[PDB]
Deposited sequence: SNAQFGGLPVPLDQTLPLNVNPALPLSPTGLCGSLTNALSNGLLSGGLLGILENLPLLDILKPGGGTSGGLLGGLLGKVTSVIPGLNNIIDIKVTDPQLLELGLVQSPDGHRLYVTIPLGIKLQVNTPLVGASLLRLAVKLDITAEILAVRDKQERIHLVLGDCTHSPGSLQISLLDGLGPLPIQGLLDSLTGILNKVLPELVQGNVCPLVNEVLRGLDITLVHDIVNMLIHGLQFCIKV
């Protein structure tokens, strides 16, 4: 069970993401809060769209080292199910969504002596978004929803998961941090 840095870092990121409440965060994404038909406001009724997020899932992290060995890139594959509901109701719709966050880990050498583990870039992996139909002329409602999902979810997921990633990095095992940073800054591969 003891392994090298690469497998240790990977299982360390995964543990922290979970224990940091990643699933909680996926489940609570303000999907339809980040958005000419005001109206709904006006009577007393409201919505009557509703998106429950269920089935949050973290898949297997992936780790590659830069060619110069100075940088790591983490792939954080995530999975949620979306059920479309409507308190005039028997779900309207139901979807499987998959998405990668790519977190970039650097070691950078402070002007004094010290060396720091930095979360560099942390973005959604362009083209990693995937929407499936699980289970009425719903076709119009789909790919409308898909169109919304396509230009809202990735920045929304990024914006909720990347700070967690940042939290997890800083809270890592000190000695693990100290070996990771020393190999990266000396450009030595360990993610082989």
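Student: Could you sort out which parts of the deposited sequence are absent from the coordinates (no C-alpha) and give them as ranges from 1?
Tutor: Missing C-alpha atoms (numbering from 1) occur across the ranges 1-26, 62-76, 131, 178-181, 239-240.
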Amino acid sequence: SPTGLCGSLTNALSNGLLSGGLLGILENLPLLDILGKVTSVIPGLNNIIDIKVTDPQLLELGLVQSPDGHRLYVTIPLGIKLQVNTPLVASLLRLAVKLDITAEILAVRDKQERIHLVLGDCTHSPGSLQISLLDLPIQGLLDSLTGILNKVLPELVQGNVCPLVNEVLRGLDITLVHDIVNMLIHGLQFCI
From here on, numbers count along this sequence of modelled residues.
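Student: Higher mean Cα B-factor in the deposited model: 90-98 or 114-122?
Tutor: Mean B over CA atoms: larger for 90-98.
Student: Which of the two stretches, 141-149 or 40-48, shows the higher mean Cα temperature factor in the record?
Tutor: If you average the C-alpha B-factors of 141-149 and of 40-48, the larger mean comes out for 40-48.
Student: Looking at 164, 59, 133, 157, which has the highest Cα B-factor in the entry?
Tutor: Checking the PDB record, the top C-alpha B-factor among 164, 59, 133, 157 is at 133.
Student: With respect to C-alpha B-factor, does residue 8 fall in the lowest, middle or highest third of the chain as deposited?
Tutor: Residue 8: CA B-factor falls in the lowest third of its chain.
Student: Classify residue 84 as lowest, middle or highest third according to the C-alpha B-factor given in the PDB entry, relative to its own chain.
Tutor: Its C-alpha B-factor, which the entry lists for residue 84, ranks in the highest third among residues of this chain.
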